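A quick write-up on the structure given underneath.
In the entry's author numbering, the protein residues as written are 1 to 73.
Set out below in structure tokens:
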């Protein structure tokens with residue numbers, strides 16, 4: 001497994017972040033049932049539909065995530 005900072009690439013298909021990366025803020029709190037909480041710079045800032053400070057941290061399934069950042073402490 002990776003680390004907390006080890007920027008993984010979101011390869012879902014059914015997502016607004018398809019072909020994008022983010023920061024894996026997982027292996028701190030997401031020692032549970034779904035493994036990987038990642039960062040998103042595009043959380044859809046349309047304030048009267050969703051919000052401007054909504055879902056930046058979201059939990060994935062690793063099958064749809066490949067490693068990019070050598071963030072080993």
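All residues carry an ideal CB built from backbone N, CA and C; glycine is no exception.
Neighbourhood of residue i by C-beta, 6 Å cutoff - its chain only, sequence neighbours within 5 removed
i, result
"residue 22", "38, 39 and 40"
"residue 7", "21, 23, 68 and 69"
"residue 64", "11 and 12"
"residue 55", "43"
Simplified DSSP state of residue i, which is helix, strand or coil
i, result
"residue 64", "helix"
"residue 43", "coil"
"residue 12", "coil"
"residue 55", "coil"
"residue 22", "strand"
"residue 32", "coil"
Exposure of residue i, with buried meaning 16 or more beta-carbon neighbours within 10 Å
i, result
"residue 36", "buried"
"residue 26", "buried"
Integer Cβ distance of residue i from residue j, believed to fall under 8 Å
i, j, result
"residue 34", "residue 59", "4 Å"
Neighbourhood of residue i by C-beta, 7 Å cutoff - its chain only, sequence neighbours within 5 removed
i, result
"residue 62", "35 and 36"
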